[PDB]
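Notes follow the structure.
Positions of Cβ are generated from backbone atoms using ideal geometry, with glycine treated the same way; all protein chains shown enter the neighbour counts. Read-outs throughout are calculated quantities, based only on the coordinates presented, and are distinct from any laboratory measurement.
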Amino acid sequence: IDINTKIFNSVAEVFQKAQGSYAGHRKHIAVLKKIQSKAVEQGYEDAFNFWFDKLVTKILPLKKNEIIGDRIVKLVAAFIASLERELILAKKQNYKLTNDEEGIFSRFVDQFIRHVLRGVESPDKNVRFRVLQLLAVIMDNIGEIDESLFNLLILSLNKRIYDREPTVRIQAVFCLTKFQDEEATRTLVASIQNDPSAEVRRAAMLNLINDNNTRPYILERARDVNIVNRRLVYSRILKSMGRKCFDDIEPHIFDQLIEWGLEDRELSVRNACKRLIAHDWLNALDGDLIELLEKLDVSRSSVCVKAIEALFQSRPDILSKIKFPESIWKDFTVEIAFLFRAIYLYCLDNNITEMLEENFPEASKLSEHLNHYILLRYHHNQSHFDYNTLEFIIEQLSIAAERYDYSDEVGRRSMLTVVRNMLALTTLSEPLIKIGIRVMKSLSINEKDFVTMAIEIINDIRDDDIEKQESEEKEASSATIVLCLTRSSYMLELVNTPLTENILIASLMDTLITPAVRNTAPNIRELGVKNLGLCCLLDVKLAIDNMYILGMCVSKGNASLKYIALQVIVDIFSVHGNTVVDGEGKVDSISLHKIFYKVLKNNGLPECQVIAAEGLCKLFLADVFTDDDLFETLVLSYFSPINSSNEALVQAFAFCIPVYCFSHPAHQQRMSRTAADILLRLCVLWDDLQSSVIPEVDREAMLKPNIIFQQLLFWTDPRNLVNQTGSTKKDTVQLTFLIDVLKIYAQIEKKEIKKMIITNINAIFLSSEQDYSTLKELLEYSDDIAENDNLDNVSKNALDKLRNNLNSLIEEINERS
Amino acid sequence: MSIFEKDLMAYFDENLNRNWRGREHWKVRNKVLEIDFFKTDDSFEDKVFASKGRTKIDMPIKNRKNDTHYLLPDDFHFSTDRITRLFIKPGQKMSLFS
DNA sequence: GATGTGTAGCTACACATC
DNA sequence: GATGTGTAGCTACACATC
């Protein structure tokens, strides 16, 4: 036998048994190094390389997950690493080997890479996949390489990153993730943003360098459209950072991250974020709940309420460890003050009886601690930081005080004095004004009482300024007008009885409300309307006399003013309904509807569209509004391309429209009647959008008429009714709609649009329980177009299918009784 | 009014949780045993290294970039709760579905 | 594009072993 | 305690095939 032939027999023997299982791979590595060592002494070095390569080539055409290929891949990867290991630890302390070991390794790896690369651009997916796969698992162990071979690697990879297959695109990053130390990063930052394969982004996400420069793009995936890709940044990336989040992340992004995960739509992402906070971050800070709160900027963050609760549920044991001795109330900080709020409200909601008895001071005693901070804030002189610190503490304690057990008469009267003297303060910031009224509300146990006290705080603040104006002009300064109304709003937000019961408001109204409505300042005008809207919900006649002025404010008012005005009108209708329109001395509803249109149509102010959108849906749900033309104007604003840019408006309709139809048959019926003309108007819009040639063209800013059609089949489908009386199986709501669509089919011009409809007409639901005459009508219109028009073979088939389903249905009817 | 309004309200939240995006997302949404390393068929080897020819093995430049970055749009959490509450008087709520 | 089927990445519980 | 082990199921997501 020949030396060369003997080598092949030896190496081929290795792969034959290595493909069978992972059993004797340790041996095979030792054998291969032996075969190589035997060949180099006989001079046949290049013979070993040749047969090794040719034997690896046998597995490239194998699919992904083909169990055999993986085995060999792992074997080839182990053999290279094994050859480098011997080289590394040797270079460590052992003097250089006389047997030219590095050279053999350098020459073998270079030669091998160039071989596997010969199929880097093969027409076959599997070939290209397994070429990159081999390079990925062997990339770390290559060591030194020639420059030309280095340039050829980055080149072949930079072109494969944009390969057609995702599978091969993945492996393309792995090979790049190694060239990352700081062009490689540049590419991965581009793939993590623009690659349409979630798994290629994920690969570029987890394996990116995580440098100060690349950290933003990585965290960006927190809102990746893929469920997994979002769960990972919490479970994988933030864990890997441990405590580095609090040091090497800007808090403004930090707060945003925790806000998303907690409020995400997928249960799997919330937990993954919850578990990060409770388990990982608490163990990372040695169980110091305060330090954890020091990180989560408690003063500014709006999620501390969400984060803490998930923790209390994840660790009910630490719950009992809290500490609140009388000795403190000296070092009270935003963290401790907030802790007090977080704990106390949590015990009440979950009803932790043992704690509420002694873990919290009495009402009378809490008032002593609360007031203490009020005097220290307002009565006597990093100053602004201190001022904020006190306000936050005052707020937290106040929130806890709002839900106390006030059976204790001494504590109530004590607290009541603290808030009354606080609310009476002129420089009390709005956050504390709000809760103050909320507290004083919980102390009255009598609506009239709560009002009498509040009104007094207002009129006193009013008269104080007026009486000070007596120098040498019988009205309070502008600033005072703001304070009185700010308090009047929250106080009114809590009253739930007519104005006839409480006369003090009618005075207050003529005192400062209506003079504010007529004021020359925006903010005061906005406030006056808010308070006016709160009073209208109590007395109907007050609303009827104010319908005109309100509608006027909307029409001619600026963005801000028109914003608040339109809301009031919605609520007035919510409670009273149509008792405030269409009648003697009452405004005609037609005028208001025209005012809804102009806002809904208005695109210069998006936020106002949302209210007009949200507000009208609510009114249609309440069955107070019943105007087909208006309801039709709603759905148009959903699909319209002009409103596509208003992200808020789309989600508003996407949730209200489906529920509206499925709620009540009469609601769905209203869709069915006006569901045909809408499709027509939209077809025309898509036709004018696609055909028109303009620089500002976003032809993709609208659903194609085929999708829009399916949508209208969805809502009109009676099977989606929630009541399901059992007598709804015969509901002809969807048929009558399709009939109306067929009657319009003659009015569309483009063939493409016509097909877009016909291909989707069979989504309807047909039943033998439905009305016989209605199916016959639907058959004749389908029969009318089945032949009298020219059809694409696809359109005819679907249409013919429908007809025969009709005919097959009439067969199920008549033959009866 | 809360009794049954509560459940129907709870019905639509859980059912329409993933359709919040609206728009196109309205749709509910939703071998070889062994190799013989001894045989020689090396002309098969030339098959592997074949040039691309008319096979594309690449991604259209249209698909290589996307402006949305495949991110998720801002979420306004339009749930049954946000609908029942009034606008200027969030505490009180109206009893639609009645 | 509509399918059916496979796959990735969990997620949970019962457990041992030290 | 923690650390493994095995087993089970789940769901959004790929690819397969026509």
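Please count how many residues of segment A:57-86 are at the interface with chain B (Cβ under 10 Å from one of its Cβ atoms) and either more than 16 Å from DNA strand C (Cβ to nearest atom) or assigned to a loop (DSSP other than H, G, I, E, B) (or both).
Looking only at that region, the number is 10.
Would you check if there is a residue in segment A:138-152 being over 32 Å from the mean Cα position of the chain (by Cα), aromatic (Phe, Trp, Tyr) and surrounded by fewer than 20 Cβ atoms within 10 Å (Cβ to Cβ)?
Let us first name the residues in segment A:138-152 that are over 32 Å from the mean Cα position of the chain (by Cα), namely A:138-152.
The next check asks that each one be aromatic (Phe, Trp, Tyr); those that pass are A:150.
From what is left, the residues that are surrounded by fewer than 20 Cβ atoms within 10 Å (Cβ to Cβ) are A:150.
Yes: one or more hits.
Are any of the residues in segment A:683-694 outside any helix (DSSP H, G or I) and aliphatic (A, V, I, L, M)? Walk me through how you get there before you give the answer.
Going residue by residue through segment A:683-694, those that are outside any helix (DSSP H, G or I) are A:692-694.
Those left that are additionally aliphatic (A, V, I, L, M): A:693-694.
Taking every residue of segment A:683-694 in turn, at least one turns out to be outside any helix (DSSP H, G or I) and aliphatic (A, V, I, L, M).
Being among the β-branched types (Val, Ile, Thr) and closer than 10 Å to residue A:47 by Cβ is the filter here; which residues of segment A:1-29 pass it? Let's see the steps before the verdict.
Just the residues of segment A:1-29 that are among the β-branched types (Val, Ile, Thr), to begin with: A:1, A:3, A:5, A:7, A:11, A:14, A:29.
Result: A:3, A:5, A:7, A:11.
Sort through B:82, B:18, B:54, B:23 and tell me the only one that's of a type in the set (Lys, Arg), surrounded by 12 or more Cβ atoms within 10 Å (Cβ to Cβ) and away from DNA strand D (no atom under 16 Å from the Cβ). Write out each step before concluding.
Values: B:18 fails: away from DNA strand D (no atom under 16 Å from the Cβ); B:54 fails: surrounded by 12 or more Cβ atoms within 10 Å (Cβ to Cβ); B:23 fails: away from DNA strand D (no atom under 16 Å from the Cβ).
Exactly one residue qualifies, and that residue is B:82.
Out of curiosity, is residue A:235 surrounded by 16 or more Cβ atoms within 10 Å (Cβ to Cβ), away from chain B (no Cβ under 14 Å) and within 16 Å of DNA strand D (Cβ to nearest atom)?
Working: surrounded by 16 or more Cβ atoms within 10 Å (Cβ to Cβ): yes; away from chain B (no Cβ under 14 Å): yes; within 16 Å of DNA strand D (Cβ to nearest atom): yes.
Taking the combined requirement at face value, the residue satisfies it.
Can residue A:678 be described as more than 13 Å from chain B (Cβ to nearest Cβ) and within 29 Å of the chain's Cα centre (by Cα)?
On the way: more than 13 Å from chain B (Cβ to nearest Cβ): yes; within 29 Å of the chain's Cα centre (by Cα): no.
No, not satisfied.
Filter segment A:195-220 down to residues that are facing another protein chain (nearest Cβ under 8 Å) and within 22 Å of residue A:256 (Cβ to Cβ) and give me whichever is nearest to DNA strand D (Cβ to nearest atom).
Result: A:198.
Out of B:52, B:39, which single residue is of a type outside the set (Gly, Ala, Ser) and more than 7 Å from every other protein chain (Cβ to nearest Cβ)? I'd like the intermediate steps shown before the answer.
On the way: B:52 fails: more than 7 Å from every other protein chain (Cβ to nearest Cβ).
The conditions single out B:39.
So, in segment B:1-15, exactly how many residues are surrounded by 15 or more Cβ atoms within 10 Å (Cβ to Cβ) and over 23 Å from the mean Cα position of the chain (by Cα)?
So the answer is 3.
So which residues in segment A:141-171 are in contact with a helix residue (DSSP H, G or I) (Cβ under 7 Å, 6 or more places away or on another chain) and within 16 Å of DNA strand C (Cβ to nearest atom)?
Passing the criteria: A:165, A:166, A:167, A:168, A:169, A:170, A:171.
Could you say whether any residue in segment A:113-123 is within 16 Å of DNA strand D (Cβ to nearest atom), outside any helix (DSSP H, G or I) and within 14 Å of chain B (Cβ to nearest Cβ)? Can you show your working first?
First, the residues of segment A:113-123 that are within 16 Å of DNA strand D (Cβ to nearest atom): A:122-123.
Next cut, outside any helix (DSSP H, G or I) only: A:122-123.
Next, from what is left, pick out any that are within 14 Å of chain B (Cβ to nearest Cβ): A:122-123.
Yes, some residue in segment A:113-123 is within 16 Å of DNA strand D (Cβ to nearest atom), outside any helix (DSSP H, G or I) and within 14 Å of chain B (Cβ to nearest Cβ).
So is residue B:44 away from DNA strand D (no atom under 16 Å from the Cβ), more than 7 Å from chain A (Cβ to nearest Cβ), more than 30 Å from residue A:701 (Cβ to Cβ) and of a type in the set (A, V, I, L, M, F, W, C) or not? Show your work before the answer.
Working: away from DNA strand D (no atom under 16 Å from the Cβ): yes; more than 7 Å from chain A (Cβ to nearest Cβ): yes; more than 30 Å from residue A:701 (Cβ to Cβ): yes; of a type in the set (A, V, I, L, M, F, W, C): yes.
Yes, satisfied.
Got a sec? Which of A:753, A:744, A:748, A:758 is β-branched (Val, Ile, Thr) and closer than 19 Å to residue A:806 by Cα? Give the steps one after another, and end with the answer.
Details: A:753 fails: closer than 19 Å to residue A:806 by Cα; A:744 fails: closer than 19 Å to residue A:806 by Cα; A:748 fails: closer than 19 Å to residue A:806 by Cα.
When all the criteria are applied, what remains is A:758.
Suppose we filter A:54, A:27, A:33, A:6 for residues that are more than 14 Å from chain B (Cβ to nearest Cβ), surrounded by 14 or more Cβ atoms within 10 Å (Cβ to Cβ), within 22 Å of residue A:104 (Cα to Cα) and not β-branched (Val, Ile, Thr); which single one remains?
Working: A:54 fails: more than 14 Å from chain B (Cβ to nearest Cβ); A:27 fails: surrounded by 14 or more Cβ atoms within 10 Å (Cβ to Cβ); A:6 fails: more than 14 Å from chain B (Cβ to nearest Cβ).
Going through A:54, A:27, A:33, A:6 in turn, just one is more than 14 Å from chain B (Cβ to nearest Cβ), surrounded by 14 or more Cβ atoms within 10 Å (Cβ to Cβ), within 22 Å of residue A:104 (Cα to Cα) and not β-branched (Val, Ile, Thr): A:33.
Looking at (1) assigned to a loop (DSSP other than H, G, I, E, B); (2) within 33 Å of the chain's Cα centre (by Cα); (3) facing chain A (nearest Cβ under 7 Å), which is the one condition that is false for residue B:83?
Every condition holds for residue B:83 apart from (1).
So which helices (runs of 4 or more DSSP H) stay within segment A:374-475 end to end and still have 2 or more residues that are in contact with an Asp or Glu (Cβ under 6 Å, 6 or more places away or on another chain) and surrounded by 14 or more Cβ atoms within 10 Å (Cβ to Cβ)? Break it down into steps so the answer makes sense when it comes.
Details: elements: A:383-401, A:409-423, A:430-444, A:447-468.
So the answer is A:430-444.
Helices (runs of 4 or more DSSP H) wholly in segment A:491-589 with at least 2 residues that are under 29 Å from residue A:446 (Cα atoms) and within 39 Å of the chain's Cα centre (by Cα) - which ones?
Passing ranges, in order: A:522-536, A:559-576.
Taking only segment B:33-60 into account, find how many residues are closer than 23 Å to residue A:122 by Cα and either within 16 Å of DNA strand C (Cβ to nearest atom) or not in a loop (DSSP other than H, G, I, E, B) (or both).
Summing the residues that are closer than 23 Å to residue A:122 by Cα and either within 16 Å of DNA strand C (Cβ to nearest atom) or not in a loop (DSSP other than H, G, I, E, B) (or both) in segment B:33-60 gives 8.
Does segment A:103-110 contain any residue that is assigned to a helix (DSSP H, G or I), under 51 Å from the mean Cα position of the chain (by Cα) and away from DNA strand C (no atom under 16 Å from the Cβ)? Walk me through it before giving the result.
Initially, segment A:103-110 is screened for residues assigned to a helix (DSSP H, G or I), giving A:103-110.
Checking which are under 51 Å from the mean Cα position of the chain (by Cα) leaves us with A:109-110.
Right, trim to away from DNA strand C (no atom under 16 Å from the Cβ) and you get A:109-110.
Looking for residues that are assigned to a helix (DSSP H, G or I), under 51 Å from the mean Cα position of the chain (by Cα) and away from DNA strand C (no atom under 16 Å from the Cβ), one finds at least one in segment A:103-110, hence yes.
Considering each of B:30, B:63 in turn, give the residue that is within 7 Å of chain A (Cβ to nearest Cβ) and either surrounded by 11 or more Cβ atoms within 10 Å (Cβ to Cβ) or in a loop (DSSP other than H, G, I, E, B) (or both).
Values: B:30 fails: within 7 Å of chain A (Cβ to nearest Cβ).
Result: B:63 is the single residue among B:30, B:63 that is within 7 Å of chain A (Cβ to nearest Cβ) and either surrounded by 11 or more Cβ atoms within 10 Å (Cβ to Cβ) or in a loop (DSSP other than H, G, I, E, B) (or both).
Could you say which residue among A:310, A:284 is on the phi < 0 side of the Ramachandran plot and within 15 Å of DNA strand C (Cβ to nearest atom)?
A:310
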